[PDB]
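Next up is one chain by itself, shown in structure tokens, the form deposited in one PDB entry.
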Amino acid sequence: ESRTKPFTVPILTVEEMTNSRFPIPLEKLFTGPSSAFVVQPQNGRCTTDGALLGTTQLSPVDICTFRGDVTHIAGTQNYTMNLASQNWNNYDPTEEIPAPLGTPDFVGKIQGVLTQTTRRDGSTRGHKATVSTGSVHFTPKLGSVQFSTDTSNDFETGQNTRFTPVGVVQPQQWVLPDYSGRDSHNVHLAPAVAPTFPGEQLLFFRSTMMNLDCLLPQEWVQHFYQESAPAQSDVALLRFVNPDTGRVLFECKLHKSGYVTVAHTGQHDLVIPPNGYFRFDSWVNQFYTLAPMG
């Protein structure tokens, strides 16, 4: 039989990791029922054996960013960005993805800094800007989005420009934007996720700014991809361990398609030790019942 790279997850604690849906630290773990909303984020999606899904890409600093060049909308402070690919090359809308990698995956107004990156002429050319992901002008899959800013002159036409997100005004974590605008349809989405094993609920990796919940920390996406360790079954059994005592706090299923479930009924904001981390223990069959959480 073939001997393949052993699967592992990072040894980073929750607070040492970052949300995969916005460039901010994770703050804590949360579990609760999810039958009343559709959980289909497009960022923070990756299989355990290293296949990226939806709009998921590797770099934490490219999460919810946009890149390209802008054209002034005459008589307004607003600008249309004509998107580039992720390396700054020609955007190619025929790729089978929902949108440019790193595109935001929730409806809301994201504020940030829009900056010209080349041939500044000695000017900073960075300005506060906002992009509304629910707006009719939000058409990243078509290759353009619209920003509101406080200038009408400062951005030179035909010069590379980048948006770095800073925060969200106020928004709907679970509602995907219309990547191609009104009366369109989203295409090539990573699938919705749900707990199908009775007594199980999804485990969310949660930050603030409202809650923002992801299915995998960004560092897990990066680790899974970099390692590309093959899966031995549909479910990897992880233990959350506290090295300060050496004891297991709880166990959970890391599903091969890239999400986590725990045995619990109801909302529970987990209380974890500062140094606790996840440890891969074994691959299990489809009949493994987890030890109860809390």
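One rule holds for the numbers: they count along the sequence shown, beginning at 1. By rigid core we mean the largest C-alpha set that fits within 1.5 Å across both forms.
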Indicate whether the chain is continuous between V136 and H137 or, if not, how many deposited residues are absent from the coordinates: none, 1 to 3, 4 to 9, or 10 or more. none
Does the deposited sequence hold unmodelled residues between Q170 and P171, and if so, how many: none, 1 to 3, 4 to 9, or 10 or more? 4 to 9
Mean C-alpha B factor from the entry: is it higher for 266-274 or for 7-15? 266-274
Between 128-136 and 216-224 (mean CA B-factor, as deposited), the higher: 128-136
In terms of CA temperature factor as recorded, identify the highest of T94, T161, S180, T164. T94
Sort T118, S144, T115, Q201 by C-alpha B-factor from the entry and give me just the highest. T118
What third of its chain, lowest, middle or highest, does the C-alpha temperature factor of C252 fall into? middle
Looking at the C-alpha B-factor of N285, is it in the lowest, middle or highest third of its chain? middle
Based on the entry's values, in what third of the chain does the Cα temperature factor of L29 lie: lowest, middle or highest? middle
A236: CA temperature factor from the record, placed by chain third, in the middle
Record-listed C-alpha B factor of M81: chain third: middle
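Another form, the form deposited in another entry, is not on view; read the next lines as being about it.
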Per-residue C-alpha change between the shown form and the other one, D121, threshold 2 Å, rigid core fit: yes
Flagged pair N89/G122: C-alpha distance shifts by 3 angstroms or more in the other form. Which direction, closer or farther? closer
